[PDB]
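First, one chain by itself in structure tokens, the form deposited in one PDB entry.
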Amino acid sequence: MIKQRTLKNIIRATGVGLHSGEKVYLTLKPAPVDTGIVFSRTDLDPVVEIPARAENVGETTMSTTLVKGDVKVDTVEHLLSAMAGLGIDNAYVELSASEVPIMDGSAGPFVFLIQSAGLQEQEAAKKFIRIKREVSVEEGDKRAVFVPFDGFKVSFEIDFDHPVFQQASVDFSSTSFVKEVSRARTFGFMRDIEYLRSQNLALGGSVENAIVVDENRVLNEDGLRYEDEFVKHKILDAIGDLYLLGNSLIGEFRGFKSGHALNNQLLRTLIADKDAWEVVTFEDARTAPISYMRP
């Protein structure tokens, strides 16, 4: 079978909250079968755990935020993108503060830390959400769509009237998540960043963790990791948002100027329309329409 996966060892990392500027300590731990990804605020007594599920999403204005009562976990989408990309079913993610650390603004540091610790296959079948009908959400000129597809592929299109400009398609039948998507960093325009700083936000922002863009150009002296790094980052973000379903996807996702808000609207509509999806396992990994790297 395609088996469930967890971590082989615990992973400790430290970083900065993009908006808070706070140092945050991160511990990833193995978790039993059918746990999913569970975030834990270990700075609080008692600790507050929030399963990384569509139903626990609170704020989607700037990133994906999990909420339980007055307790938040901000910016889950890069770490979740890493977990999805590597096929991690089950993990406890402990944080010492309300925001996952931004690291370099990509999923690269997370896929390295996870693969350094190694994966452990577990003695249960891996559950997949299979798209069986088209599900589309629109709000104005923004669109997010799930389409049936025997595999996992993600297409995105953004539209900025801008000089440093975008569309991209990635199929996990030939594309490496790690090599082609994982390293795509977060981006922001000077205009917006100075307004957020004016609001006492993006306090952790730096060329170390974000692509900073003018009206004309990338201000980061060391440049881009990919000619299409901007749209590849939106694909990274979308994979993290889709993983809030709590299982890997058999299907296609198409985003047109989509963001965390509309992605979460797509997940809620899909979950509600039970004719549009089913939970599948594969007793024979040879006949499965997807595959993951050796553990």
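Residue indices: 1-based, along the sequence shown. Take the two forms, superpose them, and find the largest set of C-alpha atoms that agree within 1.5 Å; that set is the rigid core.
Residue 166 preceded by how many uncoordinated deposited residues after residue 165: Gap between residue 165 and residue 166: 4 to 9 unmodelled residues.
Can you tell me whether 182 to 190 has a higher mean C-alpha B factor than 82 to 90 in this record, or the other way round? On average, C-alpha B-factors are higher across 182 to 190.
Quick one: higher average CA temperature factor, 59 to 67 or 229 to 237? In the deposited entry, the stretch with the higher C-alpha B-factor mean is 59 to 67.
Which listed residue, 196, 170, 147, 103, has the largest C-alpha temperature factor in the record? If I rank 196, 170, 147, 103 by C-alpha B-factor, first place goes to 196.
Going by the CA temperature factor in the entry, name the top one among 77, 159, 99, 134. Highest CA B-factor of the listed options: 159.
Using the B-factor values recorded in the entry, state whether the Cα atom of residue 11 falls in the lowest, middle or highest third among the modelled residues of its chain. Its C-alpha B-factor belongs to the highest third of this chain's values.
Place residue 95 in the lowest, middle or highest third of its chain's C-alpha B-factors, as listed in the PDB entry. Lowest third, going by the recorded CA B-factors of the chain.
Third of chain Cα B-factors occupied by residue 108: Tercile = lowest for this residue's CA B-factor.
Using the temperature factors of the C-alpha atoms in this entry, rank residue 129 within its chain: lowest, middle or highest third. Lowest third of the chain for residue 129's C-alpha B-factor.
Modelled-residue ranking by C-alpha temperature factor, third containing residue 18: Within its chain, residue 18 is a highest-third residue by C-alpha B-factor, going by the deposited values.
What follows is about the form deposited in another entry, which we do not show.
At a threshold of 2 angstroms on the CA positions, core aligned, which residue out of 175, 155, 115, 122 shifts between this form and the one not shown? Per the superposition, the moving residue is 175.
Residue 96 C-alpha relocation of at least 2 Å between this form and the one not shown, rigid core basis: Moves: no, less than 2 Å.
Versus the form shown, are the CA atoms of residue 175 and residue 114 closer or farther apart in the other entry, given a shift of 3 angstroms or more? So the answer is closer.
Cα distance between residue 85 and residue 173, which in the other entry differs by 3 Å or more from this form, closer or farther: Relative to the shown form, the pair is closer.
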